[PDB]
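Here the structure comes first, spelled out in structure tokens, and everything after it is commentary.
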Amino acid sequence: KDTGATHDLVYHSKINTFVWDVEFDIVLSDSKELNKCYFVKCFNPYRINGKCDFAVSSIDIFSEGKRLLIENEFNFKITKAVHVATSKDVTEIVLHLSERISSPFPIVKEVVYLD
Amino acid sequence: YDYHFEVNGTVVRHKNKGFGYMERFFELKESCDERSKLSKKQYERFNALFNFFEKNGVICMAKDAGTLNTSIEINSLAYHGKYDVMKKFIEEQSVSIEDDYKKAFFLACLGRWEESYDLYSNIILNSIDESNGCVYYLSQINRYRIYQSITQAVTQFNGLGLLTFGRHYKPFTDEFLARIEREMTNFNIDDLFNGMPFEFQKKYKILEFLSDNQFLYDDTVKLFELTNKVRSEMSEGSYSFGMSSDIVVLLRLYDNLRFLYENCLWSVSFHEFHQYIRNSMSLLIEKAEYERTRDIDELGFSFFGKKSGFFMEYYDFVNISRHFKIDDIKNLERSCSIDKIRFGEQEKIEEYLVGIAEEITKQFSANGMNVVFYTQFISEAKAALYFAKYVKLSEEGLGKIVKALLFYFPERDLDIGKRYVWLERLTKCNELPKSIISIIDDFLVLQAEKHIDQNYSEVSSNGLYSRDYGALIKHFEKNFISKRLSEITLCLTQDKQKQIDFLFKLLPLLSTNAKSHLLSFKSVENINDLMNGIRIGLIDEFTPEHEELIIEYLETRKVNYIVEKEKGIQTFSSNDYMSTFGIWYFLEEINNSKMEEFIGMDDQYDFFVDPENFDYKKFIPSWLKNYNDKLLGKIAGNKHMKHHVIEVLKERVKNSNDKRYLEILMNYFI
Amino acid sequence: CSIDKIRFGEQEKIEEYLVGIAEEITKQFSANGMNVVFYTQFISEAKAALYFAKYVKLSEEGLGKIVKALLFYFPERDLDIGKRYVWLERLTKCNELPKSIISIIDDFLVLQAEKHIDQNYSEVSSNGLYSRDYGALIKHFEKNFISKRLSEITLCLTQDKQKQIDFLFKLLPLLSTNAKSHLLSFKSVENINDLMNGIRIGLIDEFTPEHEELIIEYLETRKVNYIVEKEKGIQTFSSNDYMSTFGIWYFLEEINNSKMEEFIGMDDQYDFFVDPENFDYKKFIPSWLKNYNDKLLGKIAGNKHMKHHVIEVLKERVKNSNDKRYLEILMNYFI
């Protein structure tokens, strides 16, 4: 459990989410494969909206270093995660922590507070 | 040390063993008959002394004092941001060494560092012959400062400039950078004062401090008074007679700023001064807020409820705009109640806001531009535009500012999303008129035309795009249709898929025929397509076919749930489709009742579909952390849910001591 | 923030340092000869150390030495009777009053009894706390203690001695049976001060009609004086806090008399407690919430007229202030 990479992890109770510098390789819907994907959450609870808007947070997905837009039902199943500092053994930590947190997308890279 | 001079302007005796010459001068200045008794040459000397003491701001002795007033007047172009006037003065033919010294300060201010260096060298050459010790000394100092700035700028540009700018920038050539390096070899600022003629040393000792590596250490150390808490219970008031710590600190800050700006000293662009200003202003604001809070606590809220401890004026606004970043202003805002602080002299700050707009338009509309000047200007521009939230502005000024921000500001430091927040901060004090609504429509039309190219793609740091602009324009104007966008829609074709989707984002702004034509290009055939349309496409109503698709999905998932009970295995999940349907039904979006049969799969689904019979022991408080204001209000309205939520929030607040849950509990459910 | 939650170690060294402080104080104050300049700076540090010692555990002998130094050798110009009382009360949170410390307190009370013989003497406290409270402290931990020297002093007391009679009456519970009989024979309840003393010591549990007449007479005199001052334009502020107690009683129904409703207008708290419906809630000051006790706070959250305004104040103070007491009050009782 003890490692030098975990010193960069932070916890924001406002969103009950973890923040860390890690990049993931994913396979979605058991039919699509994507490499080096990372995500960013933005806390805008009081944003202009209609009747169908119900969440305070909006999440955006980026495969590699470019924006990713997907319409197909979003299914997630982790296969590999790695630290930017070239540190391994993080897949088990990621799976464990994601199991602890019931909130969607337990781990992300950046959090933006607009309010 | 024969006397004490105080920032209020009154002088006092101290450690003087002799005749009180200052008292006699004050009496002479008070008595016009005593003056006439003096000789003619002495009369002229007295007149000069009176003019000097008046300009400086010395009034009279402490005991003969009264209700002395105070005001701040800095008569310098550098502090007024009059770029055109400065350029015109530069273009004039310097008539004196003083005209050449101010011109060099202006040139350095405008980003032409090399020209300022040459001018300073010429002034240094001429001064020694002219026997102008003061100008010679100050020009030596400023030339060394400019050289340090040049070296640091070169290092910064060669290190990171090429990346952020997207291209390596060569502000300075190589031969000139070699010439300055060869000139300033082994040059030590430390001994500059000691080599001077002893008459200069005896006269101008007060300027020696300009040769030190760091000054303002005593000013920074004196800030500790502002943090005292004992004064609140009982304020001694012994720091100064007739003035408190706040007044003394603020007047000292004004004196420092005036002395540095009015003499054209090139130390006002270094990190030490910026840190000093930031610390002073932040401490003053914090002290004022704490005093207001304590006064509210002690007496009734009817008194001090919104007392103005630190009133803001034009000088305060300009100083905060120039000497703060974005993060610093954010920290100041979150630390204190800025909205409660009224702003004075709005016509001046407004002129500065619409004046920053003209200069940015000139800078970026025109191809020509200065790298260093842009670097030092954009931070101030961004800070001023951020801080203009609490300032009322006229319609013409608002329109000019909106146009300058939207069109002429480089995407490099803004974005679709970054710009949006700027505008909304402006909208909270001056509700959208028709003129800037039309300007926003024009901006939307331009960025719509931008989508013709396939490779074009908006980039935002906070997930905000043109959809939000379309929402904002409609929020203030319920009935609005864009004729330009409507005719764009009517000329649209299928192969323009990028434009089709982008315009689908902006459906509400269209006309009836335009929206019919657009929606003729897309349709929903499955629950996934329905959710995609609701997310992007703005499906407004759940038609019976949509509810039938939902019911089919829930029954299929019911069969899969029975087979899962058989399995006893569940690998992983990503997004709950069922919770969305449950909340939609709770919001009275899905009017069917068949979904009620498919109950018992998800705890959130059961809770939001049948609150009365839901087992609240299965409730997860973290669920509350994701709901939005409308859903929170709806939940608070429901009787079956209110008290359980109250109890769980109470337990979490008592144990977790988390501020978010407490804030929700006080805001919505109690 | 709560300092108590923070752990403290090396307690032996802290105890040694504060025992050094106590012995230095004793040496300094023991003789008239003193280092004049050393006094001013040392006093501040000693006061800080003794006030912050609330969060450390001390041995019995060290506790006794500290108490003796604080009680019999601290200059009066710095710590008064009330300040001494509150500082000592701060120290009984980690170590309950031992018998030796109670003996020292009895020595202090017997000493004050000897200082009362001269008719030209009085106790000055800046917080309203006096010798009586000290005795109460002992009775808060040992209910059955009865002083011997003090009881004898009461038994040999005479009517010509009036200061002593009242002073011992204020501390009636600590006296013996015969001493109590003698003192109550010599003194009787006539004024409001005697009534309050008896209520505090349990002499009179309930408000009899005669005490109501005394209260109404005092209120009428105060009303006349206030009317005269208001006509003069020199309206004086309420003092002695008796009006607050009367209003609290009327809210609690301890005193039953329509005359109370006729005494609205001069005091804000009295009007709030007497006529909650018509009270102007913009004059409410939050500090009173802290002064209230558990029972009064609970009864406040029961009335319909004052609950909503109080919760607006509590929510305002927990959002505008840096005191955790407001949140505790708002959570425990009102929510």
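Taking the residues in region A:1-34 that are more than 14 Å from the chain's Cα centre (by Cα), in a strand (DSSP E or B) and exposed (fewer than 14 other Cβ atoms within 10 Å of the Cβ) as candidates, determine which candidate is nearest to the other protein chains (Cβ to nearest Cβ). Break it down into steps so the answer makes sense when it comes.
Kept after step one, since they are more than 14 Å from the chain's Cα centre (by Cα), are these residues of region A:1-34: A:1-8, A:13-14, A:27-34.
Filter again for in a strand (DSSP E or B), leaving A:27-28, A:32-34.
Pick out the ones that are also exposed (fewer than 14 other Cβ atoms within 10 Å of the Cβ) and you get A:32-33.
Numbers: A:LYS32: 13, A:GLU33: 16 Å.
Going through the qualifying residues, I end up with A:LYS32.
Give region C:245-266 a look and list any residue that's of a type in the set (S, T, N, Q) and out of contact with any helix residue (DSSP H, G or I) (no Cβ under 6 Å at 6 or more places or on another chain), or say none.
C:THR245, C:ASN256, C:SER258
Give region C:228-281 a look and list any residue that's surrounded by 13 or more Cβ atoms within 10 Å (Cβ to Cβ), outside any loop (DSSP other than H, G, I, E, B) and of a type in the set (S, T, N, Q), or say none.
C:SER244, C:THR245, C:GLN269, listed by residue number.
Here are the criteria: (1) buried (at least 16 other Cβ atoms within 10 Å of the Cβ); (2) under 17 Å from B:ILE296 (Cβ atoms). Tell me which single one C:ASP323 does not satisfy.
(1)
Could you check region B:533-557 and list, in sequence order, the residues that are facing chain A (nearest Cβ under 9 Å), surrounded by 18 or more Cβ atoms within 10 Å (Cβ to Cβ) and part of a helix (DSSP H, G or I)?
B:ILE534
So B:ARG179 fits all but one of (1) within 17 Å of B:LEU110 (Cα to Cα); (2) basic (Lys, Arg); (3) loosely packed, with under 14 Cβ neighbours inside 10 Å; what number is the exception?
(1)
Confirm whether B:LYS565 is more than 14 Å from chain A (Cβ to nearest Cβ), surrounded by fewer than 14 Cβ atoms within 10 Å (Cβ to Cβ) and assigned to a helix (DSSP H, G or I).
yes
Would you confirm whether or not region A:42-57 contains a residue that is loosely packed, with under 13 Cβ neighbours inside 10 Å and part of a strand (DSSP E or B)?
No, region A:42-57 has no match at all.
Checking B:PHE598 against (1) assigned to a loop (DSSP other than H, G, I, E, B); (2) facing chain A (nearest Cβ under 10 Å); (3) surrounded by 15 or more Cβ atoms within 10 Å (Cβ to Cβ); (4) hydrophobic (A, V, I, L, M, F, W, C): exactly one of these is not met. Which one?
With (1) assigned to a loop (DSSP other than H, G, I, E, B); (2) facing chain A (nearest Cβ under 10 Å); (3) surrounded by 15 or more Cβ atoms within 10 Å (Cβ to Cβ); (4) hydrophobic (A, V, I, L, M, F, W, C) applied to B:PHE598, the lone miss is (2).
Scan (1) in contact with a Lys or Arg (Cβ under 9 Å, 6 or more places away or on another chain); (2) more than 23 Å from B:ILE527 (Cβ to Cβ); (3) in contact (Cβ under 8 Å) with a residue 24 or more places away in the chain for the single condition B:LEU632 breaks and write down its number.
Looking at each condition in turn, B:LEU632 falls short on (1).
Only one residue in B:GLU350, B:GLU333 is assigned to a helix (DSSP H, G or I) and touching a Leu at 6+ places or on another chain (Cβ under 6 Å), so which one is that?
Going through B:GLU350, B:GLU333 in turn, just one is assigned to a helix (DSSP H, G or I) and touching a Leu at 6+ places or on another chain (Cβ under 6 Å): B:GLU350.
Do we find a residue being touching an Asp or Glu at 6+ places or on another chain (Cβ under 6 Å) and either under 23 Å from C:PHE141 (Cβ atoms) or buried (at least 16 other Cβ atoms within 10 Å of the Cβ) (or both) anywhere in region C:105-116? Walk me through how you get there before you give the answer.
Step one: filter region C:105-116 for residues touching an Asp or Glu at 6+ places or on another chain (Cβ under 6 Å), giving none.
Within region C:105-116 (the criterion being touching an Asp or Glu at 6+ places or on another chain (Cβ under 6 Å) and either under 23 Å from C:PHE141 (Cβ atoms) or buried (at least 16 other Cβ atoms within 10 Å of the Cβ) (or both)), the answer is no, since none of the residues qualifies.
If we only count helices (runs of 4 or more DSSP H) wholly inside region B:481-529, which ones have 3 or more residues that are crowded, with 16+ Cβ neighbours inside 10 Å and under 39 Å from the mean Cα position of the chain (by Cα)?
B:483-490, B:497-505
Give the residue, chosen from B:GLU225, B:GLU199, that is more than 30 Å from B:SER244 (Cβ to Cβ), out of contact with any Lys or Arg (no Cβ under 8 Å at 6 or more places or on another chain) and either of a type outside the set (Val, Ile, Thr) or surrounded by 12 or more Cβ atoms within 10 Å (Cβ to Cβ) (or both).
Values: B:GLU225 fails: more than 30 Å from B:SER244 (Cβ to Cβ).
Exactly one residue qualifies, and that residue is B:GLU199.
If A:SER98 satisfies all but one of (1) without any contact (Cβ under 8 Å) to a residue 24 or more places away in the chain; (2) more than 8 Å from every other protein chain (Cβ to nearest Cβ); (3) surrounded by fewer than 17 Cβ atoms within 10 Å (Cβ to Cβ), what's the number of the condition it fails?
(3)
Please give the helices (runs of 4 or more DSSP H) falling wholly within region B:380-463 in which 2 or more residues are within 14 Å of another protein chain (Cβ to nearest Cβ). Can you show your working first?
On the way: elements: B:395-408, B:416-427, B:434-449.
Of the helices (runs of 4 or more DSSP H) lying wholly inside region B:380-463, those with at least 2 residues that are within 14 Å of another protein chain (Cβ to nearest Cβ) span B:416-427.
Tell me the residue from B:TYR661, B:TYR668 that is in contact with a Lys or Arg (Cβ under 9 Å, 6 or more places away or on another chain) and either within 10 Å of another protein chain (Cβ to nearest Cβ) or at negative phi (or both), please. Walk me through it before giving the result.
On the way: B:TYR668 fails: in contact with a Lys or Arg (Cβ under 9 Å, 6 or more places away or on another chain).
Among B:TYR661, B:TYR668, only B:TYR661 is in contact with a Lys or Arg (Cβ under 9 Å, 6 or more places away or on another chain) and either within 10 Å of another protein chain (Cβ to nearest Cβ) or at negative phi (or both).
Taking the residues in region A:70-95 that are surrounded by 12 or more Cβ atoms within 10 Å (Cβ to Cβ) and at the interface with chain B (Cβ under 9 Å from one of its Cβ atoms) as candidates, determine which candidate is farthest from B:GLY537 (Cα to Cα).
My answer is A:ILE78.
Test B:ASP629 against the stated conditions and say whether it is surrounded by 14 or more Cβ atoms within 10 Å (Cβ to Cβ), within 30 Å of A:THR79 (Cβ to Cβ) and within 11 Å of chain A (Cβ to nearest Cβ).
Working: surrounded by 14 or more Cβ atoms within 10 Å (Cβ to Cβ): yes; within 30 Å of A:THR79 (Cβ to Cβ): no; within 11 Å of chain A (Cβ to nearest Cβ): yes.
No.
Which of the residues spanning region A:49-69 are in contact (Cβ under 8 Å) with a residue 12 or more places away in the chain and either touching a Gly at 6+ places or on another chain (Cβ under 9 Å) or within 13 Å of chain B (Cβ to nearest Cβ) (or both)?
Matches in region A:49-69: A:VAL56, A:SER57, A:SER58, A:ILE59, A:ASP60, A:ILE61, A:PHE62, A:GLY65, A:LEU68.
Say we look at region C:255-290 and pick out the residues that are aromatic (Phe, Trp, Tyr) and more than 14 Å from chain B (Cβ to nearest Cβ); which of these is nearest to C:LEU219 (Cα to Cα)?
C:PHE263
Cβ-Cβ distance below 7 Å, separation of 6 or more or different chains: which pairs start in region C:318-335 with a residue that is more than 7 Å from every other protein chain (Cβ to nearest Cβ) and end on one that is assigned to a helix (DSSP H, G or I) and of a type in the set (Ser, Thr, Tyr)?
Correct list of pairs: C:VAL318/C:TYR326.
I'd like to know if region A:40-48 contains one or more residues that are over 30 Å from B:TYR585 (Cα atoms) and either touching a residue at least 60 places away in the same chain (Cβ under 8 Å) or more than 11 Å from chain B (Cβ to nearest Cβ) (or both).
No, that holds for no residue.
Regarding region B:569-579, can at least one residue be identified that is within 23 Å of A:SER102 (Cα to Cα), in contact with a strand residue (DSSP E or B) (Cβ under 9 Å, 6 or more places away or on another chain) and either of a type in the set (A, V, I, L, M) or within 12 Å of chain A (Cβ to nearest Cβ) (or both)?
Yes, region B:569-579 contains a residue that is within 23 Å of A:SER102 (Cα to Cα), in contact with a strand residue (DSSP E or B) (Cβ under 9 Å, 6 or more places away or on another chain) and either of a type in the set (A, V, I, L, M) or within 12 Å of chain A (Cβ to nearest Cβ) (or both).
Out of the residues in region B:291-317 that are outside any helix (DSSP H, G or I) and away from chain C (no Cβ under 14 Å), state the one that is nearest to C:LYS282 (Cα to Cα).
Selected residue: B:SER308.
Being over 21 Å from B:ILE74 (Cα atoms), in contact with a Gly (Cβ under 9 Å, 6 or more places away or on another chain) and not hydrophobic (A, V, I, L, M, F, W, C), is that true of even one residue in region B:272-289?
There is at least one residue in region B:272-289 that is over 21 Å from B:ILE74 (Cα atoms), in contact with a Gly (Cβ under 9 Å, 6 or more places away or on another chain) and not hydrophobic (A, V, I, L, M, F, W, C).
Would you check which residues across region B:1-49 are without any contact (Cβ under 8 Å) to a residue 12 or more places away in the chain and under 24 Å from B:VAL248 (Cα atoms) and list them?
B:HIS4, B:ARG13
Because the Cβ atoms are built from the backbone with ideal geometry, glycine has one as well, and the counts that use them run over all protein chains shown. All of the numbers you see were taken from the coordinates with simple rules; none came from a lab.
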